[PDB]
Structures are given as structure tokens and as C-alpha cells.
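To start, the structure itself, in C-alpha cells.
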Amino acid sequence: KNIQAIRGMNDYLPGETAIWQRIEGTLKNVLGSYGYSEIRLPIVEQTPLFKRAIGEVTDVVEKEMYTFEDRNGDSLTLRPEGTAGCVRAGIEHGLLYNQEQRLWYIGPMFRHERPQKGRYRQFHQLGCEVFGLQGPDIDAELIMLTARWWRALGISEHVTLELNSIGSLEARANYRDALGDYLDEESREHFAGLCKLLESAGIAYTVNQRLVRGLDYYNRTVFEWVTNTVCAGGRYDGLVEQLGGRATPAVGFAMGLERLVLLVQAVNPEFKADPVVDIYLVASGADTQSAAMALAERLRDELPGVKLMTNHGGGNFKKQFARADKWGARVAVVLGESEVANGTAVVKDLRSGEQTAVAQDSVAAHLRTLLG
Amino acid sequence: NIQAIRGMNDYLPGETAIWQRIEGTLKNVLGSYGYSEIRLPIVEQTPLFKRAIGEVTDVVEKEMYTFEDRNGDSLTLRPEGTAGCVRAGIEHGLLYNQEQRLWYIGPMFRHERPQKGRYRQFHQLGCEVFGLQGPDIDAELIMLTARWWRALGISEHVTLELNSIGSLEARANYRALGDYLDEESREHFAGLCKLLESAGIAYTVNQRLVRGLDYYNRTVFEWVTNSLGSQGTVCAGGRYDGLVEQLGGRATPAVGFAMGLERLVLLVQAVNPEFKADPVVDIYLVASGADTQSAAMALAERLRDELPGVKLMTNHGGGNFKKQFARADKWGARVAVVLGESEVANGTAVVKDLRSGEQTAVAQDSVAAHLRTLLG
Ligand SMILES: Nc1ncnc2c1ncn2[C@@H]1O[C@H](COS(=O)(=O)NC(=O)[C@@H](N)Cc2cnc[nH]2)[C@@H](O)[C@H]1O
Ligand SMILES: Nc1ncnc2c1ncn2[C@@H]1O[C@H](COS(=O)(=O)NC(=O)[C@@H](N)Cc2cnc[nH]2)[C@@H](O)[C@H]1O
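Residue numbers (the UniProt record's numbering), protein chains in the order written: chain H, 3 to 180, 225 to 274, 281 to 424; chain U, 4 to 178, 224 to 424.
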């Protein structure tokens, strides 16, 4: 009998997916308005990668990764994040040697934590990474980018930014005794210069020294966007080197798409996506089959952009209209034996009930006016 | 230093852009048929695959990435998408006495020998329809794929191969198959062929057509290319009327197929050697001087709102105008809005058309309309 989805791994069913589609689109759209490019990386990578780049002491590598041994005996790990993955493909394809790269990625991520409301074992991130820029200016842009999404999505009133700086090794290996006190000048310099750009931008922030990231590749800048946390990231200038490439500056962040989606469904409880169906093609009688399907393609060639589902497996009219209704069809094009003969097809506005027989070469324009 | 696991690709910026355009077209076609996207897990319990696909098949026999969870459970990186789509249709009761016209896109894993169209991590775009028995839906799926070929401009480079493998029984008593198909099966197939003709879809009935999975019945098909080595079949599928029941759900007919995206891209790129992607950058914001920073940034935030759809990258990391106009040409920007010390103070910005090279100082308010006139 029945197999169940592994615990901590979800099935975004149709209805859910429509919402995701809309949000993902807005996000991607904004990412494009800023000049960024999409990059795609593998789901699995050699375990050393997350051992090295993320650390051996991290709760992630220690007790959270999905590692297994390939048939050839190599330790493999299901990516718990993509920053490591990116740098890796970055160094390997030589796109970071004295080059600027503003990239983004979207896809699943894996970690064996325990299932919560906002925590899942296969979860999804939308992340950004930039290589080649040092100054706090670029750090500002990223935050501004996230800022624009909140606006775009309508959740600015429910997302707070929290900053912080952590200089480097010395700033810590000297701050052993016991608040970013040490932090050499260029660090309070770079953080101050970023805290300023952030103001001139009217972006409301809240510094906090008790803000730590569970990943050990961050240096200077470090932030988290929290809800009344959906996004987080920071700098990592030495990582490109610490993995075998010519050291170059870099900053990035990644957002939890399940958190973002749930938040967007909380703040705008009405947020709806387009129906999956605009036009339902009703048909009855014997041998209306090829006709209905032919009419369907025809209207498809004439109306790309409209969603038209063709009814199959018969059913009486009452049913077909119920089905058209089930999908959110705003209009139904009826093709019976008559219509077939008359070269017409009835066009019923499901909204207003009014129907009307139309010359086939005419329905396209008719529908165009109905669907407005 | 580390490298990518063999058989597992990285799609860099340039490439990524072609895939987005191709996927857009593919999704648009899917919506024009009123189908809905579903998203299922990368990992599943090993038995789901052993049971659905079959133990005598090569996938399960020698191709699955199976490993152990932190509690002993057997886990498996999905080698395909159908089992999981059915496993979820039953778990959430989406199939019981219902019609669903689904589609999914994502990675799949098969430990095969890397080659041209075969990778250990590849990507599929599949369709699965539940509740429609008759051949009419079979026909629809095929037309849909034909609409794709049309939209991508590759009809000429892709041919269709059909075949019906009758029922379990029909196959059991087969120890040429057509001679054993049941009456209902051969009738169903004829209905599909007549339907494919009535719509001019050219096909070739290949009686030695075998799918690598054990869950097919009746309809079975493939779309093969040129005759490319051993990776010429671009999209394949068939009917599986008894899989839902077998996996523990209530019996319902089902038909589907999956396309290997890497193969599609390759083909599209071969047939249309110039297929392109709009530059990643339209307007590059040059700027130089004392604190022109927080200014250029804001001007960009502003121009974004006013010019939706346009792509605007703000230059960062200083640089003299030489370096920046270069960084502009690099990203393929067609225009640049320059913001020096003057313009800031005077509330203007220079709009340098990169194609011609000429510029003109424009009041910040009117620049949005100015740009918009150049970008078409
Ligand atoms: N189990 C989970 N369920 C759901 N959502 C989760 C889960 N685990 C994490 N996330 C999301 O991941 C987001 C970012 O945090 S983070 O993953 O720890 N940081 C990173 O992944 C870094 N790679 C970000 C970065 C990129 N480049 C530089 N820095 C969190 O805010 C969560 O939303
Ligand atoms: N390792 C690879 N690298 C790259 N591309 C590959 C690779 N393995 C396969 N493909 C592609 O995936 C396609 C479909 O795979 S199949 O195994 O042939 N069919 C299935 O997977 C069924 N789930 C389809 C179906 C859906 N509903 C009913 N049937 C192949 O035709 C190839 O195009």
C-alpha cells in the first residue's frame, strides 16, 4: 500500500503552485531590473566542499547534511546551500578572475534539521551573490534589492532589517577575552560607509552585535531580514581563495522561499493568481471530437496568451459546464453537431450567462473582447 | 581545489539566458492547454521507485542514487517524475474521481555513463493526465508536444514513433505483439492514429518500441531526432492505467510523458544557430565624483519604477569613465546615464547613447521618457 512523502519534503499541489509562480515572477523581474544574471548549479557536490567552505565546526556540516558514498566511493553531499556551490563553479569556469559577476539562483536546498512550521528538510532558496566589489556600496545595492521585493510583494510593513559587522580573523582572535570592539578601522569604516548609504536610501535598519550566522565564510558585512527570518547573507571575501581561486571580494544573501510565500499569504490574505483556465471548450455529439480539437488549436494559434482547456471523455453539458466552472473558466465555447454543420460555435459568458452563436472565423475576436 | 561531480553540469550566465527563453515558450504552450504545474520532492523512498518502475529495468537495477537516512530509511534521488506525481496524487487525494492536467519541471538523477544527451543529473519537463481513458487525451498530449516544436522552430528536426503494448494479459500471452493486443487496446490505438491523421501529425508505428519502465499499457511513444548517436529521443511517454492502483490509490486511467530539457536546448541551438537572449543590461549607470554614490543609486531606484521592463545596472567600484563605458559595453548596455558632480547639483543626467556615441544632458524628470524612446 501507500508510500508517503519523506518527512520534511513537500508537495506543492496545483493551487499552491500558482501563487508561487506569481511571486517567483515578481522576484525574478526585480532581479532583472538590477542587471543580475541567473546561474544554475548542481544539486549534489563532493562533501569536502561544504566541509571546507562552510566549516567543520558548523552545526550544518556536523549534524545537518545529507551525505552518501557514490558507487566509485566518493563522499557526496546534497547541497544545504548554494554559495559554496557558486564559488566552486565560479573558480572552475573562471568567471571570477578580476571579473565582476552579479548572479542569482533558485532551487531546492537540503538540511537534516527537525521539521518546524518555517523549517523543512527540502526547502527552497532564491539567492544572490556578487563577485569583484569590495566597498559597502555594493552591499547597499543588495539590501536595496531585497527592499524592492518587499515593496513589490506588499510586505514592507512586516520585514525588518538587522545589520552587523565582524571584521575578520584578527577582530576575533584578538577579541577572544571576555562586541566587535576590536574591528580594525577599515571595518568600522566599511560598515559605517554602508550604514550611511542605507540611510540616504531611507531604509530603516537596526544594528545588533548579538547577530551571528551559522556559516563560517562571512567577513565584514552581515545581515538578516526578520519577520514580526526570511532572508540573510553577508560578505565572504576570502572564500574564493579559501577554495582554490584567486581571492576576490564577494557578498550575497539567500531567501527562504517557503517563508516568503507564507508571509506574503499572511500580509495579503487576498493575494490570488490567475485562473488556470480562461476558456473551456465544450462539445457533445458524435464526431465532434476532431472538430473540437481542431477548433481548439485554431483558437490557440489566434489567441496565444489565453488558457483554453478542451473537455475530453464526453460528459453531458451540465457536467462540462460544471468542469469549466471548476477551473475558473470565464467563457465556454460550445461546439455541438449543429455548430459543426453551421460553421459556428456557441460562446457562453459564464459570468453573465449570455450566450451567442458565432461564425467560427469570428469567435477569436469575439473571445478577445469578452476576455477583455 | 574541488570540481563538479562528473555528469553534473553548471549553467553559466550566458547559457542560463537561453534556457529561460526556451522554458518560457514551453510554459506558455502548457498554459494554452489549461494545464497546471505541480512540484514534488527530489528525494523519495526507494520502494516507490522499485514498485512503480519495476525491478527488472535498468533504472532500478543499476541507475538509482539510493542512500540511507539518519534512521535507517532507504532514500532515493528521483530518476523520473511520474512515480512521485502519483505518490502525491494519492497522498493528497487529488486523483480520486478527478481529472488533473499536470506538468512539472526539475532535476532527475540516473547513474549512467556521461555522454552527449545523458547526464547523471538532468532535467525533465513532464506532463501527466489523470482520469481520461479514451484516446482523445492521448491525442492532445501529442498535439501539445507538436505545438512546442512549432513554437521553438524544430518540427523539421523531430519525428514521432507510436505503438500500443496492449494489456498486461495481452503482453503475458506474448511468449510481433500486435497479434496479441486485446480488442479494446487495438481499437483505442486506431482511435489515436485516426486522431493523429485528422490533425496532420505524421507518425511511424514502431512495433519494437520499448520504454525503459514497467508501468506502461496501451499507448507508448517517443519523439526522436536526426539519429543522434545513442541519445536521439527527445521526449517519451505513454499510458499507465494501473499505476495509481498499484501504488495504493483508487484506480484511474493516466497518460503522460517527459522531455529531456538538455536535449531540447541542444536541438534548438543546433537548428537555430542564432537563437538569442536579450542582453542582461540595457542601461548602465556611469557616475563619478564626490558622493555621487548615494545619488546615482537613488536615480537608479527611481528610473526602475518609471521604466518597468528595462534592465539597469549601476556601476560600482569607482573607475574612470573609460573603464565604465567599457563595463557598459561589456554587459551589452545600449545606453548609459552618466551622473557626475555637475548633473547631481543641476538635477540632470547625461544620456549617452552607446550605439551612436552622442549624448545630451537631460533633466532627471524627463530622462525616463528620453531613455524609453531609445530602448524601443
Ligand atoms: N530548513 C529550512 N526551511 C526553510 N528555509 C530555510 C531552511 N534552512 C534555511 N532556510 C532559509 O535560508 C535562509 C538564509 O539563511 S542561510 O541559509 O542560513 N544562509 C545561507 O544559506 C547563505 N548561503 C546565504 C548567502 C549566500 N551568499 C552569501 N550568503 C534563511 O533565512 C531561511 O529562510
Ligand atoms: N540521463 C539523462 N540525461 C539527460 N536526459 C535524459 C536522461 N535520461 C532520460 N533523459 C530524458 O528524459 C526523457 C524521458 O525519460 S524516460 O525515462 O524516457 N520516460 C520517463 O522518464 C517517464 N517518467 C515519462 C512519463 C511520464 N508519464 C508517463 N511516462 C528521455 O526521453 C530523455 O529525453
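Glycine included, every Cβ here is placed at the ideal spot set by N, Cα and C.
Range of the contiguous alpha helix (DSSP H) that encloses residue i
i, result
"U:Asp401", "From DSSP, U:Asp401 is part of no alpha helix (DSSP H) but of the beta strand (DSSP E) over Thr396 to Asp401."
"H:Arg311", "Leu309 to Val319"
"U:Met345", "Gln341 to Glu354"
"H:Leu422", "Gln412 to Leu422"
"H:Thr19", "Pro16 to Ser35"
"U:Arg174", "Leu171 to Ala175"
"U:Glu245", "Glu231 to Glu245"
"residue 192 of chain U", "Between 178 and 224, chain U has no modelled residues, and residue 192 of chain U is one of the positions in that gap."
Residues that residue i contacts on chain U, provided the C-beta gap is smaller than 9 Å
i, result
"H:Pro16", "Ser39, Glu40, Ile41, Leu97, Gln103 and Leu105"
"H:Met361", "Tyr36, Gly37, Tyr38 and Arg104"
"H:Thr300", "Residues of chain U passing the Cβ test: none, with the nearest at roughly 11 Å."
"H:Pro110", "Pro44, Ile45, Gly109 and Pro110"
Nearest to residue i (by Cα), restricted to the options the options
i, options, result
"H:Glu235", "H:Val415, H:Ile21 and H:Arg266", "H:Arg266"
"U:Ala335", "U:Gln127, U:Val392, U:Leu419 and U:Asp76", "U:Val392"
"U:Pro321", "U:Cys130, U:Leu155 and U:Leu229", "U:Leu155"
"U:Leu276", "U:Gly304, U:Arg178, U:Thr162 and U:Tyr332", "U:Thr162"
"H:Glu143", "U:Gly308, U:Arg9 and U:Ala343", "U:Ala343"
"U:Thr79", "H:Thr69, H:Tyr263, H:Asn74 and H:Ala86", "H:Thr69"
"U:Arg375", "U:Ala348, U:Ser404 and U:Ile331", "U:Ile331"
"U:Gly129", "U:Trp152, U:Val89 and U:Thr85", "U:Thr85"
"U:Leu97", "H:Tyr14, H:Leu171 and H:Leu165", "H:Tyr14"
"U:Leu333", "U:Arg73, U:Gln372, U:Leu240 and U:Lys242", "U:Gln372"
"U:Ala338", "U:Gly37, U:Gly366 and U:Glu406", "U:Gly366"
"H:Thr49", "U:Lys65, U:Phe52, U:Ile45 and U:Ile5", "U:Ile5"
"H:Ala284", "H:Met67, H:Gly304 and H:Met345", "H:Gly304"
"H:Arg287", "H:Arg298, H:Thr281 and H:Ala306", "H:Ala306"
"U:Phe237", "U:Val253, U:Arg73, U:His114 and U:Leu315", "U:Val253"
"U:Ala7", "H:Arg81, H:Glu18, H:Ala20 and H:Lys65", "H:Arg81"
Range of the contiguous beta strand (DSSP E) that encloses residue i
i, result
"U:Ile331", "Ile331 to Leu333"
"H:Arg382", "It is not in any beta strand (DSSP E) - H:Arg382 carries neither H nor E in the DSSP assignment."
"U:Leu165", "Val161 to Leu165"
"H:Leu360", "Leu360 to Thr362"
"U:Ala393", "First-last for U:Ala393: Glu389 to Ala393, but that is the alpha helix (DSSP H), not the beta strand (DSSP E)."
"U:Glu270", "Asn265 to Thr273"
"U:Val282", "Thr281 to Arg287"
"H:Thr300", "Unbroken run through H:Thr300: none, as it is neither H nor E."
"U:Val253", "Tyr251 to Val253"
Alpha-carbon spacing of residue i relative to residue j, whole angstroms
i, j, result
"U:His126", "H:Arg352", "27 Å"
"U:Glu270", "H:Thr60", "48 Å"
"H:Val383", "H:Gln103", "47 Å"
"U:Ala397", "U:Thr273", "53 Å"
"H:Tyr122", "U:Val410", "51 Å"
"U:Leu135", "U:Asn176", "27 Å"
"U:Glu94", "U:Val386", "58 Å"
"U:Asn12", "U:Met111", "12 Å"
"U:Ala149", "U:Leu33", "12 Å"
"H:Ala91", "H:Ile56", "16 Å"
"H:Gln124", "U:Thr300", "30 Å"
"H:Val399", "H:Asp326", "21 Å"
"U:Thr28", "U:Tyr107", "15 Å"
"U:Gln407", "U:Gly388", "14 Å"
"U:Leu309", "H:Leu147", "31 Å"
"U:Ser414", "U:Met361", "20 Å"
Residue i: contacting residues in chain U (beta-carbon distance under 8 Å)
i, result
"H:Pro356", "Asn31 and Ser35"
"H:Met146", "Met345 and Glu349"
"H:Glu143", "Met345, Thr362 and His364"
Chain-ordered chain H contacts of residue i [CB-CB under 9 Å]
i, result
"U:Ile8", "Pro44, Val46, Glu47, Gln48, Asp72, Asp76 and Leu78"
"U:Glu94", "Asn4, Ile5, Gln6, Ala7 and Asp13"
"U:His114", "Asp72 and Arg73"
Interface residues of chain U facing residue i [CB-CB closer than 7 Å]
i, result
"H:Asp139", "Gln341 and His364"
Proximal residues of chain H, C-beta to C-beta of residue i below 7 Å
i, result
"U:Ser246", "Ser342"
"U:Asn274", "Going along chain H, no residue has its Cβ under 7 Å from U:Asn274, so there is no contact; the nearest lies around 26 Å."
Quick one: complete alpha helix (DSSP H) runs, 4+ long, within the stretch 43-70 of chain U?
-> 49-56 and 61-65
- Unbroken alpha helix (DSSP H) runs of length 4 or more, entirely within the stretch 67-155 of chain H: which are they? 85-94 and 139-155
Against chain A: residues of the stretch 58-73 of chain U by CB proximity under 7 Å: Given the protein chain composition of this structure (H and U), no chain A is represented.
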